[PDB]
Amino acid sequence: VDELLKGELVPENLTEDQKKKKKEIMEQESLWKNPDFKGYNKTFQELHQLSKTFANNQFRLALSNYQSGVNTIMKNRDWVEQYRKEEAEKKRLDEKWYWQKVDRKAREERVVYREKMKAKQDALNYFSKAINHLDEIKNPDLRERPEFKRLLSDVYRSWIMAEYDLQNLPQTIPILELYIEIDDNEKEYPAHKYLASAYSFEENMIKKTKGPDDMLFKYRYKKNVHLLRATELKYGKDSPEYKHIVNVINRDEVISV
Amino acid sequence: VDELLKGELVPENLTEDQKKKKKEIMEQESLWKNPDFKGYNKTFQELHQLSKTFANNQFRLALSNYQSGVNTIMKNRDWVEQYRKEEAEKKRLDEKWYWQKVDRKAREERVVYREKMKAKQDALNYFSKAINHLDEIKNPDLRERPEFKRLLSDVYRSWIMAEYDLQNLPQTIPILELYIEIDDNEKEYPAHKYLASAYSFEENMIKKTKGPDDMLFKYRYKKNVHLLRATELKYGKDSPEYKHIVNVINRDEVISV
Amino acid sequence: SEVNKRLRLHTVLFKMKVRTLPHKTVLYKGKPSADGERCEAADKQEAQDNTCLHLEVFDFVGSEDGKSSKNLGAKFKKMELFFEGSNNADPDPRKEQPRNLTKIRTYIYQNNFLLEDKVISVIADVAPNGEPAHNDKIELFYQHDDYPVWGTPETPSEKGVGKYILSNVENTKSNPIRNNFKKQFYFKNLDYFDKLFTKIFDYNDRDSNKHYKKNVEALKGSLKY
Amino acid sequence: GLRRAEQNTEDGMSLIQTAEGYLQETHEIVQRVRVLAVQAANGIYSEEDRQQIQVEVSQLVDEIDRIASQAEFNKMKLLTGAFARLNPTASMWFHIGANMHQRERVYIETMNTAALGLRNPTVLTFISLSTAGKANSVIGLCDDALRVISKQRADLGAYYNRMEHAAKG
Amino acid sequence: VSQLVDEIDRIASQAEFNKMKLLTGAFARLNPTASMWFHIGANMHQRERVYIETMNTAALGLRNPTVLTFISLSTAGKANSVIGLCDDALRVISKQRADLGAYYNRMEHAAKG
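Chains as they are written, first to last, in the deposited numbering: chain f, 7 to 19, 24 to 267; chain Q, 7 to 19, 24 to 267; chain g, 17 to 241; chain e, 58 to 226; chain P, 114 to 226.
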């Protein structure tokens, strides 16, 4: 069931009485046909924001950007694999010491790391444009369609993964909490694995900069909740990994005896 | 079959009813015979722009401009061949070191480059007048004749060849596209080889100046179209050259999975 | 033209799984709907019951000036290939023979939000293979601002409006509508989709080459110890 | 008409002169940022030492945005992109003739952090120097930013020189 | 130069006297569209003619009259060859100011008599 197979949000074309209304309105617009008309009051023309054609174009705009952002990530992975292949095949006629190999090997790691972060940044800009297009659809009826929920979760997942590689952990928390509220995404353990790390970053910063204890507990409480939930979804309840995490969480939090 | 060997666009000059019409027409003209007549209303004499004599004279003028431009390019090559001939023949009594000959060689190349670039602009002026001479022919029937398409494509090709040596790549795109809409010229790889370069230049500028992604994609797409088409027309599909170019385009273009 | 013969070769896509698609390109396989006007996407894309190829390329209004993201309108062009008879029994999509085309449907769409202007064009050629000249079996349908209603036949008093066939128009020297139609739109329309169909097959066929090579490469990793 | 067009030409130069004056401060800040990066790119400083350099960049970058927002001439913003070429919201025409259609247009580009490449026009994050690896790539960012400011002052300078001839003529 | 070349075009376009253009080539010598005649006598045929040549960028040589592209200083090779173009342009402007000066001196003698 590929909800994005047809590449649109909602299909478009029944009652004879309704078809009678469509006839007279089209006749009315023909009398008042003025292609140069621009409305001083935008309230009436803003009703087009609720139309299915409007939402269709917004979805196809967001879909257009999402494919661009995934392309940057995937084309980069191809380059890194190809880049390493070429280096091993060229002749090193001026290397007769082990330390020279480490120096040559160290350069490749930096070249690889340099291109990855460049590619990650391009994807995030592409993903961010797609997010704004999705959020300017004002009809809740069309926002519940399986086509919308498929791309909305797909966009957030790609945005979060790119953001975490750029080490912008605190920005993933607001997006991830919206991600796990769509369909059965809350049952995905990676979604709670990322929030386990992201909330740990928040706790460390509050600890480092010596913020309030209330915010310290909140980030610690959220960190343990999603650390446990991620453990349960992957290793199952009452499992040896689950028992270990509960011991860690019990030590990490406060218990009143 | 040589279209230009005839030397005209269309040979101007049957029915006894037509001959009756022609005789009574020339009698009416000879009654109002006034060689000093000049019309205040331009519409009636503009009907002569649809004549066969008007289009014939335009073809002769445009052909004359083409003939002059070709002689400019050809005579330039004759002189450069004669120029390099003289340089290596004359005695060098004050020459006994290597960089003496090398610096003498660099002088000749600079002279050659100046002479060539001057002839390219000198001939291009002829070609541009030919283009405007042909574009004012207002009879669609005569624009489909074999002679017109022979000269129009000949004029287009020389102007594109001259304009390319002047590094005016973006100005060749409109003319190259008009060249591949005449007879079977779309099947020539030189016409498609150039459009691959000219759209690469257009793609470089938008990337350099940080233009919109829309224009970047268009010039990227058009570059790949005429790059692949030229490879097919010279090496064939599923050829070793054709397969290589497809991998090049696949890396460049945006795909989805 | 002989292009429609080459469109017959594109039946290798029915039993080939499609994963690699170019940007803003939609493709699926299905069965004809009621009255065979369009295609309906199948629950399975590998079933032999599929006889229709659906290919769609969508764009945006204002993308020629860098204003695509402004949401000034929508546009897409899609072409559908219709086949008769079932697919071969073997599941391998590489070995497939060319098959006759029932009809070739072209759908042109362009809607401008700001101008409140919409142009929809449908062109179905119900005789693709079988006759070099089939002007009477080439259906056209032009609509503008929801007028006329879908399926309305052309009337003699209003030429070109609504559903009509290619033979109804003239092809005189004064108005070479049919000669221009073939030279300008339809010939180039077929070639673009023809290569685009071969584009998708080559990309996904290449995917099979990579996976076979990948396993061999992973095996060579044991040669170092 | 000739006298009134010469006063119009003076106000044209006065508008142009004011705009180029605002970019003198913008150019100085980027040079201050540029040399700060060359200091941070060296591997002797700790993370706290390169953070204090960032506290300067945070204030320096904010100033550049303030320059573009508040640079005015007769209640008209100039550096915020309202007079750019590609996507204008207004057109600046200087009527320098004594007749009907005698006018010339002036383009003033966007001159804020996003336009200079010091900020992301979508994410809205700006350049940082708190890491040695980041600081080295900022040197190229400032080189591009300087050329953008330098280019625009050349355009403003060319407009003034032309208008000066027209006022003289 | 893009500004300066445009200003030269503007000069010839808007150079006017009593709603008549002067520097657009109308009163030239080869292909005139109008004729400037000064009646400097009390009789029927006492008149003299004045020729004012075209003084825009194309006439000066700063731009190509056909392609409508002007000279560029963006390259050292093109900048070096521009120097001769600007040298010739001044000489063409020099002669025209010399031409008009001889008219003014002649009209001064004629008016005195």
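Where a beta carbon is used, it is the ideal one built from N, C-alpha and C, also for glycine.
Please confirm whether residue i and residue j have their CB atoms less than 8 Å apart.
| i | j | result |
| --- | --- | --- |
| residue 19 of chain g | residue 206 of chain g | yes |
| residue 198 of chain e | residue 175 of chain e | yes |
| residue 209 of chain f | residue 244 of chain f | no |
| residue 220 of chain e | residue 70 of chain e | yes |
| residue 52 of chain g | residue 70 of chain g | no |
| residue 82 of chain g | residue 225 of chain Q | yes |
| residue 11 of chain f | residue 152 of chain f | no |
| residue 187 of chain e | residue 104 of chain e | yes |
| residue 166 of chain e | residue 141 of chain e | yes |
| residue 71 of chain f | residue 76 of chain g | yes |
| residue 211 of chain Q | residue 188 of chain Q | no |
| residue 215 of chain P | residue 153 of chain P | no |
| residue 68 of chain f | residue 196 of chain f | no |
| residue 202 of chain g | residue 36 of chain g | no |
| residue 74 of chain f | residue 86 of chain g | no |
| residue 28 of chain g | residue 110 of chain g | yes |
Suppose the cutoff is 7 Å on Cβ atoms and the five residues either side in sequence are ignored; what does the same chain contact list for residue i look like?
| i | result |
| --- | --- |
| residue 186 of chain g | 193 |
| residue 117 of chain g | 20, 23, 24, 97, 98, 99, 144 and 145 |
| residue 91 of chain f | none |
| residue 79 of chain Q | 133, 136, 137 and 168 |
| residue 217 of chain e | 70, 73 and 74 |
| residue 252 of chain Q | 241, 242, 245 and 246 |
Pull up the CB-CB distance for residue i and residue j, whole angstroms please, since I reckon it's below 8 Å.
| i | j | result |
| --- | --- | --- |
| residue 175 of chain Q | residue 130 of chain Q | 5 Å |
| residue 128 of chain P | residue 135 of chain P | 5 Å |
| residue 172 of chain f | residue 144 of chain f | Wrong, their Cβ atoms sit about 16 Å apart, outside the cutoff. |
| residue 73 of chain e | residue 163 of chain e | 7 Å |
| residue 137 of chain P | residue 148 of chain P | That belief does not hold up - the Cβ atoms of residue 137 of chain P and residue 148 of chain P are roughly 15 Å apart, past 8 Å. |
| residue 26 of chain Q | residue 160 of chain Q | Between residue 160 of chain Q and residue 26 of chain Q the Cβ distance is about 36 Å, and since that is not below 8 Å, they are no contact. |
| residue 162 of chain g | residue 36 of chain f | 6 Å |
| residue 77 of chain f | residue 264 of chain Q | 7 Å |
| residue 81 of chain f | residue 163 of chain Q | About 40 Å; that fails the 8 Å criterion. |
Below 8 Å CB to CB, which residues in the same chain sit around residue i once its five sequence neighbours on both sides are set aside?
| i | result |
| --- | --- |
| residue 108 of chain g | 31 |
| residue 18 of chain f | 62, 63 and 66 |
| residue 28 of chain f | none |
| residue 185 of chain f | 166, 169, 170 and 173 |
| residue 155 of chain e | 58, 59, 61 and 62 |
| residue 126 of chain Q | 86, 90 and 175 |
| residue 158 of chain Q | 15, 69, 144, 147 and 152 |
| residue 228 of chain e | What the structure shows of chain e is the stretch from 58 to 226, and residue 228 of chain e is not part of that stretch, so it cannot be assessed. |
| residue 65 of chain e | 151, 152 and 153 |
Does the ligand PLP have a heavy atom nearer than 7 Å to the CB of residue i?
| i | result |
| --- | --- |
| residue 200 of chain e | In terms of ligand content, the structure shown is empty, and the ligand PLP therefore cannot be addressed. |
To which residues of the same chain is residue i closer than 6 Å at the C-beta, ignoring the five residues directly before and after it?
| i | result |
| --- | --- |
| residue 83 of chain f | 133 |
| residue 140 of chain g | 119, 121 and 155 |
Whole alpha helix (DSSP H) elements within the stretch 41–90 of chain Q, 4-residue minimum:
Whole alpha helix (DSSP H) segments, 4+ residues: 52–56.
Contact the stretch 191–211 of chain Q vs the stretch 235–245 of chain Q: 3+ CB pairs below 8 Å:
Short answer: they touch.
Per the contact definition of three or more C-beta pairs closer than 8 Å, is the stretch 82–92 of chain g in contact with the stretch 125–132 of chain g?
The answer is yes - the stretch 82–92 of chain g touches the stretch 125–132 of chain g, with three or more Cβ pairs under 8 Å.
Please list the segments of the alpha helix (DSSP H) lying wholly inside the stretch 74–154 of chain e, counting only runs of 4 or more residues, in order along the chain.
You should have 104–127.
Okay, do the stretch 53–64 of chain Q and the stretch 109–117 of chain Q touch, 3+ Cβ pairs below 8 Å being the bar?
The stretch 53–64 of chain Q is not in contact with the stretch 109–117 of chain Q.
Unbroken stretches of the alpha helix (DSSP H), 4 residues or longer, contained in the stretch 144–174 of chain f
Taking only runs of at least 4 residues, the alpha helix (DSSP H) segments lying wholly in the stretch 144–174 of chain f are 150–153.
Can we say the stretch 93–108 of chain e touches the stretch 185–205 of chain e, given the rule of at least three CB pairs closer than 8 Å?
The answer is yes - the stretch 185–205 of chain e touches the stretch 93–108 of chain e, with three or more Cβ pairs under 8 Å.
Contact between the stretch 57–65 of chain g and the stretch 254–264 of chain Q (3+ Cβ pairs under 8 Å)
They do not touch, by the three-pair rule.
Jot down the residue ranges of each uninterrupted beta strand (DSSP E) in the stretch 152–185 of chain e, minimum 3 residues, whole runs only, in chain order.
Within the stretch 152–185 of chain e, the complete beta strand (DSSP E) segments of 3 residues or longer fall at 161–163, listed in chain order.
Determine, using beta-carbon pairs with one atom in the stretch 141–161 of chain g and one in the stretch 172–186 of chain g, whether at least three such pairs fall under 8 Å.
With the cut-off at 8 Å, the stretch 141–161 of chain g and the stretch 172–186 of chain g touch.
Restricting to runs no shorter than 3 residues, where is the beta strand (DSSP E) found entirely within the stretch 144–207 of chain g?
DSSP runs (the beta strand (DSSP E)) wholly in the stretch 144–207 of chain g: 154–160 and 178–181.
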